[PDB]
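Just the one chain here, the form deposited in one PDB entry, laid out as structure tokens.
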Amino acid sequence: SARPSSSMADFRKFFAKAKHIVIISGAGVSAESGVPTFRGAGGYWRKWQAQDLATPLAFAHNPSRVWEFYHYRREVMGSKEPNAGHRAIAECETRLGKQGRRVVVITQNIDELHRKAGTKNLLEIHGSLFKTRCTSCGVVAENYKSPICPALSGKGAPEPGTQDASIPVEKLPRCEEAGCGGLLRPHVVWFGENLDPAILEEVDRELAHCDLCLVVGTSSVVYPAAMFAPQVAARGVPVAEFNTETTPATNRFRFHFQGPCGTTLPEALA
């Protein structure tokens, strides 16, 4: 069989010399903090997974339901914090940056735990649970309010059987800019939407110049993110995958380190 190396010594040879390290992170990193991701092993919200609710069409049809889901997700972050994987990554960035070596995190996650852990060079390619965008005027705003709007207070219960709140659109979250009052939506990239062109340019720049790439906690089923680390590997650059399981991309990489990132990464990035 054709399986990548699990030699930490061999990895460390590349790590010691890298001037430009790209770390791609996914839902497995957030899962280690207890964040429910609602895909793969990450559970269900009522009857649904993220693929069912995080879509333009779900939000067209039942914007109260989609906002209930995102509200639940916002509110549970109250009890979720960065883990040893987040900290290994942030500390590595800090330590390497003092030596003039660059570390950039490209994250699929929307829960801002890499920000909270102190990562500075962060590309949030799918947006943020704590940002809104207006469906009419297009302005993006940071929003941490708990609850986001009065009508959502105590709604979002995840239990199967929980009935739709059916909040009238006028009482869901609304633009507060002079003269808009649009419906807001979460500033999150949904299935079926494209990624911001500006961010993808920044991503391609990092991938084209990096000399080592880590893919951490990624199922490597969500595109286009899942295509980033294979592209690096095809330039001959070493790519190490850190994940609890093998994925469809595993055999494209030079290393696979099995386990929770919070166990493997502090060792790898030391």
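Shifts are known only where both forms have a C-alpha. In this text, the rigid core denotes the largest set of C-alpha atoms whose superposition between the two forms falls within 1.5 Å. All residue numbers refer to positions in the sequence shown, first residue = 1.
Not pictured, yet referred to below: the form deposited in another entry.
Return yes or no for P238: a CA shift of at least 2 Å between this form and the one not shown, with the rigid core superposed? After core superposition, the displacement of the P238 C-alpha between this form and the one not shown stays below 2 Å, so no.
Hey, does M227 budge by 2 Å or more at the Cα between this form and the one not shown once the core is superposed? No; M227 is a residue whose C-alpha shifts by less than 2 Å between this form and the one not shown when the cores are overlaid.
Given a core-based superposition, decide whether the C-alpha of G34 shifts by 2 Å or more between this form and the one not shown. Comparing forms between this form and the one not shown, the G34 CA shifts below 2 Å.
Looking in that other deposited form, are the Cα atoms of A41 and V232 closer together or farther apart than here, the change being 3 Å or more? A41 and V232 sit farther apart in that other deposited form.
Just the runs, please: which groups of three or more residues in a row shift their CA by 2 Å or more between this form and the one not shown on the core? Run 36-43 stands out as the only one displaced between this form and the one not shown - at least 3 residues long.
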